[PDB]
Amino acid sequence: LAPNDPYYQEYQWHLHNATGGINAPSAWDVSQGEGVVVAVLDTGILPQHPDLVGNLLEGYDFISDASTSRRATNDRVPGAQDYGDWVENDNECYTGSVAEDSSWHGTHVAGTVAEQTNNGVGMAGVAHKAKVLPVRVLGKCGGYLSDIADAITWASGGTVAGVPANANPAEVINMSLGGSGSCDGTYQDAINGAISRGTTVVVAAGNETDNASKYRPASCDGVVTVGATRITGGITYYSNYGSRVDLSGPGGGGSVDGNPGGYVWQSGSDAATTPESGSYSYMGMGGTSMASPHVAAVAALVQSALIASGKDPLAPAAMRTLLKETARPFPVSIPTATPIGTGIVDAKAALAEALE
C-alpha cells in the first residue's frame, strides 16, 4: 500500500525507506491493526487532532498531582487531554534543567502507532486501523512511578483502586518514557501483571548513549527494549545499548541526517504552553521514544492479522521472540560494545512469520 497522505512520501522515511524504514508498505497489504488496542503511556494526547480523530479511545489521566497534571485537583480523571508539559524556568525540575516548550510527545508517539492513513491528510501511521488507548502519566517535569505502575495495571486490564474497570484492555503497551535506576519491584510487579494478562510491553531503551541496564523500565524483565536507528540503518548518537536491548526501530539520527531524514514525523502541535496557545501540526522528533512505537505498532499488526485468520494471539514471550527473529539485520555495522539488538523491526517479515 502506498497511502495518499500528502506528507508521507517526503517525510516518513521511517515507514518506507529501504535501509532505515520498517517495511510498512508491504505490511499494510496484510494488516493495518484493526481490532487491536495499543495503550500509549505518555504525556497524554490532543484528542481532536484531525489526523487522529477516529482512532482514539477516551483513556484516562493517572497523574495524581495537580502541579504535574496542570489540572485543578490531584484526582485521576477520565480522558487523557495533554494540558502541556512546558516548564518556564531553568532549574525548576532538577538542578541543571533548562526551560522547555510543551512537547506534545504523547500525540507524536500515538501518531506513530495509529495516525489516520490514506485519508488525504497530513502523515501516516503504522497500525492505522488499531485504536490508541491514551493513558496520561507524564506532565510538568515528568511523573511518578506509582502513577505509571497503576497505568500499566489498568491499561492491561488489571484492577486499580479508585479507577473504573478498563473496558478496553490493551494487547500492547508502549512506554516512551524512563529514567535512571535498575527496575524496582514496583515497575517489575506491574509489568509482570500486564504480561500475565497477555499484554506485550514495549519500551524505549533511553537516549543517554549508555547501557540500558542502568535505566527503567528499559532494564525490566519481560519487556521489549527498543534502541534507535538512523535513516542509514545505523545506531543513533544517543541510543542506549547493551545486552538488554532486543531490537531497534527508526528513532532518527538528529541534525547529522538533516531535515527530514534526522526525525520521525507525526501529528502534534506548535503550541508552546497550553493547547490553546498553538494549533494542530506535524512535528519531527528524534529519540528511542519514536523507535519504541514502531515496534509496538508492529506487534499490533501481528495480533490483528492472527485474529483476522481466526488464529490465537501470541503470548508476550512469543511476540518478543518473533519481533527479534524477524528483524532486518542492520545495513551498517553496529560496534560490538554498543549492541542494539538483532536488527530493525520489519513489519512485513513479522507478519509473514506469524502467519506461516
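Note that residue numbering begins at 1 and tracks the sequence as displayed.
For the pair 209 to 217 and 87 to 95, the mean Cα B-factor is higher in 87 to 95.
Taking the PDB entry as given, 302 to 310 carries the higher mean Cα B factor of the two stretches 302 to 310 and 55 to 63.
Of the candidates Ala80, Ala165, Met123, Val132, it is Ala165 whose Cα B-factor is highest according to the PDB record.
As recorded in the PDB entry, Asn259 shows the highest C-alpha B-factor of the residues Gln266, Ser248, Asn259, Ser176. Placement of the Cα temperature factor of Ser281 within the chain: middle third of the modelled residues, per the deposited record. In the PDB entry, a CA B factor belonging to the lowest third of its chain's modelled residues is recorded for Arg328. For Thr68, the recorded CA B-factor ranks within the highest third of the chain. Only modelled residues enter the ranking. Among the modelled residues of its chain, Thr288 has a C-alpha B-factor that falls in the lowest third according to the deposited record. Looking at the C-alpha B-factors along this chain, the one for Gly106 belongs to the lowest third.
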